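**Q** experimental structure below, sequence on top.
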Amino acid sequence: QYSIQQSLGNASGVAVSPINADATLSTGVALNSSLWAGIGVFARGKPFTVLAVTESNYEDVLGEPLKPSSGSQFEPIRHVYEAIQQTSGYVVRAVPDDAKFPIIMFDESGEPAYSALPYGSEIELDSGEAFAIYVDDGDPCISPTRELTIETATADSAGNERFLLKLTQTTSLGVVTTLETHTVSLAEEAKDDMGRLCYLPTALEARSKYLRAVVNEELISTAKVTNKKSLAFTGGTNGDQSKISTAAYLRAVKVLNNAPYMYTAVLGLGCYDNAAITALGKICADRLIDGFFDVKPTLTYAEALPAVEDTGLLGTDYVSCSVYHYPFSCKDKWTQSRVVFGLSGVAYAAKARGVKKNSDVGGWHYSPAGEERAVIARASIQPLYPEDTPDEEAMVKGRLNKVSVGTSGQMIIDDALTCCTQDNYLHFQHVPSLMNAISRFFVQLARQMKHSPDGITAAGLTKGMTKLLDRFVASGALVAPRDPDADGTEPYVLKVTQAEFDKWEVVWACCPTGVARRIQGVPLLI
Amino acid sequence: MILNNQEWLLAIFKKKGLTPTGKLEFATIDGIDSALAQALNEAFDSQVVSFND
Amino acid sequence: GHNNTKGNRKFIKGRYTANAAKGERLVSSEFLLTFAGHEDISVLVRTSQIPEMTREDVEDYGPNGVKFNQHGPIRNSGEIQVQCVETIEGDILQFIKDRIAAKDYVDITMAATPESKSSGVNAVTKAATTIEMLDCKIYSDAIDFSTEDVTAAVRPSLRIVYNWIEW
Amino acid sequence: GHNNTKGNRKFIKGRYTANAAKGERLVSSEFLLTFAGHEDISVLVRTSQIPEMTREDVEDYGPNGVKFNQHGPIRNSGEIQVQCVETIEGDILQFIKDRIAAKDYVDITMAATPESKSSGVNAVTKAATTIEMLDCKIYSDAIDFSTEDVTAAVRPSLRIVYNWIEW
């Protein structure tokens, strides 16, 4: 045996880092069965843009979870972590107005100048300044310090001058790590050792995920750069993130609305603003999609019911939107600190588990509630308001869902109701879900056959619908009518009515599968 | 989502229908002779003789 | 003649759609063996198998003649028959000679690689259809050579004994 | 019908090239036996074999029902079935008579001689495809004679037991 190094350099060897007394190892996996969406507040991230996060990116993208001691800023990341165990999704970040990002400007001689600007604003280069480098990622450099290093390199083959740009990260303790390195040339027409372009803005846009640059075209030609030691970004900060105005929330919701990624669920990740919830419900009803929302968990049983009516969801417009209430407490995963947060992303997990059962059409008839699909996996549960009992009938009248302890011992979601006051077989969760899935399939069918020599025709619209309805019958979503004498044995009836030549009409009826939720036993004695 | 009672309204399309009339029109075979006469000439074109005799 | 005959093709159509609802049927010609560190032989395999996946059974006769069969311990070790083709450079013979000369245990991976589930020129495997066998011993059988078999190619038969099945 | 179907012929082309990368496949009609000092009989052979090339196995049942198979001693001796054609001068019969009359041990070499790897009128052998048997005993079986077999030539069957395999 021989010596063992602690860190790897450029030599060929095997290194072992010192033993770490405390650390956590996490393993992830990727799956794209169903796509969710939402809004929230996080540590770092490009604000007001759609971000795609998987199980292996939700730490790099987004950021390190915020400490619960800050208050009201930790819920969204916990909801995202709970929901991401099934499939990936999309997130839009909302940031307060008093938020700035750092930037360093360079003089013709090469000295740096530090400043910060609001996220909305655009960089304007003062006369006498050659170029500026700023941070594209919405990451303030307060607790982790980011330093920039410049040194010279060999000149280009065609006589152009190039230099090395390096980025480093330093913690509060003093541990220094290396993030990125680049070869950059100020000349417009320059090439890398690998043949790629070395123009600073183009290279930074292409092969860097942290930095961007803006140059002044007039004075770029007669510019000189000298070697500089580590220079740290300053002035980049995030305002108080516990106080977010409704305007930012509405802007994030509007950003979600105009997205082409075609997700299949919308989630309220710890957002307890009524206007934002109503906007999210409007988005949910627009796209023929399911939706899950949550009321504030700290409210008692008595105050929870009016809080459901406070949001505008309760009515006939917003069908297939569910509201949950969870006044319990649990130990946080990252730090065992006894945090409280609601149930959003646990219901979606149950729905995704139900959907994964069928592979042809998805099997949307499975209800989210149940002791098998829906389980709450948390460390230790302690009721916030013991010796208190909810009024179950009032909750049912109020379209509020409840939770209960299962046979195994873990907490279970025991009901699934949508926000529809009328008695239309629609307050059951799956009944709108089947019809929404069929409607989406029909829309995709009708979009495709428009590009046909004839176009949209009544004869063409019947064959495809018969095929799709037969597939849905095969999956078990549609069943024959209960009374065979009064109604026919067919599960669905598809017919076309003529009327006049100009006006046609295509209609199909369906008999949805039932759910078993109330059971009664009657003992007797011989 | 236009939803009334338990029924949805999904889409409305525009369709065009054709109703025939008894009238008919057909072409004449008179121009085919002229077309053939013109086409025959391209055989003799693009032909050259190197030396006169 | 028969008074119970009655035709119903909606039922048959429903059965057809239900059967066709599932994706595909795996063709028996699509598989791959790995052989751990000797990955140059994977091309020459021509026949393989999947382990038994059974348990021992315990028989108990109760009162009167009542009998019950009970689950027992898992069966670990078994045999697998593998056939390979032979080249004119003695790849299979050299492999068998090396394996006999030095006592070794080799891990063998069996997986199904259909054409439908593939990207580019590389086959992609699924965890559901992948099985593994550890601590295997590779043995050979008699190899038959004969004239008047001008249309045939020599194919050694290999016998592999595994000691653990993992998935 | 099936929604999982997708065609990909680049993958199939890659598999075809990978299989064709190796040289050829040995035809079963190309071999040769030597029989040590009696090299005039090598022409008349018509069927041969390669020895078993195996090991004994030792079975041990661990705690609960866990079972392990372990390598054992090599197998030295075995049998090989060889068929020869018969001439009207009794070369094979005289050979068998002489072998029975005097107790002898003969070394037998089996090699593969493909037409592709040959120079001149002389075949060349490869160390990878050549195996040797030492201290062999040659025995005969019953030879069948019958009328109405006008289209067949008599083919005696030989049984050879080897005692060591070397390469």
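**A** Now that the structure is in, tell me what you want to look at. Residues are numbered from 1 along each chain as shown, chains lettered A, B, ... in the order given.
**Q** can you map out the helices along chain C?
**A** For chain C, applying DSSP state H gives helices covering C:9-21, C:91-101.
**Q** deepest-packed of these, please.
**A** The highest mean neighbour count among these, using mean count of other Cβ atoms under 10 Å in any protein chain shown, belongs to helix C:91-101: a mean of 18. Backbone N, C-alpha and C define where each C-beta goes, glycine included.
**Q** and the nearest residue to residue A:369 once chain neighbours are set aside, how many neighbours?
**A** Closest residue to residue A:369 apart from its sequence neighbours, by Cβ to Cβ, 6 or more residues apart in numbering or on different chains: residue A:416 at 4.0 Å. Residue A:416 is flanked by 23 other residues according to other Cβ atoms under 10 Å in any protein chain shown.
**Q** now do residue A:416 against residue A:427, distance only.
**A** Note on residue A:416: its distance to residue A:427, by Cβ to Cβ, to the nearest Å, is 9 Å.
**Q** quick check: residue A:201 is in a helix.
**A** Yes: applying DSSP: H, G, I helix; E, B strand; the rest coil, one finds residue A:201 inside a helix.
**Q** thinking again about what came up before, may I have the phi/psi pair for the residue nearest to residue A:369?
**A** With angles defined as degrees, to the nearest 10, residue A:416 sits at phi -150, psi 110.
**Q** confirm for me that it is in contact with residue A:368.
**A** Yes: between residue A:416 and residue A:368 there is a contact under Cβ atoms under 8 Å: 4.9 Å.
**Q** helices of the chain, start to end?
**A** Reading this off chain A. According to DSSP H, chain A carries its helices in the segments A:75-83, A:200-207, A:246-257, A:274-286, A:301-310, A:346-355, A:392-397, A:430-448, A:458-475.
**Q** hmm, I had chain B in mind actually
**A** B:30-44.
**Q** could you find the closest non-adjacent residue to the one residue in it that gets nearest to chain D?
**A** Closest contact between chain B and chain D, by Cβ to the nearest Cβ, is at residue B:10 (23.6 Å). Spatial nearest neighbour of residue B:10, chain neighbours left out: residue A:439 (6.0 Å); criterion: Cβ to Cβ, 6+ apart.
**Q** tell me, how many residues neighbour the one you found?
**A** By the other Cβ under 10 Å criterion, the neighbourhood of residue A:439 contains 15 residues.
**Q** so who does it touch?
**A** By Cβ atoms under 8 Å, 6 or more residues apart in numbering or on different chains, the contact set of residue A:439 is A:288, B:8, B:10.
**Q** contacts only, for the most centrally placed residue in chain C.
**A** Nearest residue to the geometric centre of chain C (Cα atoms, centre = their mean): residue C:49, 1.9 Å. Taking Cβ under 8 Å, 6+ apart as the criterion, residue C:49 is in contact with C:80, C:81, C:82.
**Q** between those, which is closest to chain D?
**A** Using Cβ to the nearest Cβ, residue C:80 comes nearest to chain D of those, at 12.5 Å.
**Q** pretty sure that closest one contacts residue C:45?
**A** No: using Cβ under 8 Å, residue C:80 makes no contact with residue C:45, being 11.5 Å away.
**Q** what's the offset of stretch A:426-439 from the middle of its chain?
**A** In terms of Cα atoms, centre = their mean, to the nearest Å, the centre of stretch A:426-439 is found 23 Å from the chain centre.
**Q** then stretch A:401-421?
**A** Taking the mean of its C-alpha atoms, stretch A:401-421 sits 24 Å from the chain's own mean (Cα atoms, centre = their mean).
**Q** what sits against the residue of the stretch 51-200 of chain A found nearest chain D?
**A** Closest to chain D within the stretch 51-200 of chain A is residue A:87: 20.2 Å, counting by Cβ to the nearest Cβ. Listed by Cβ under 8 Å, 6+ apart, the contact set of residue A:87 reads A:31, A:32, A:33, A:34, A:35, A:36, A:352.
**Q** brilliant, that's me finished.
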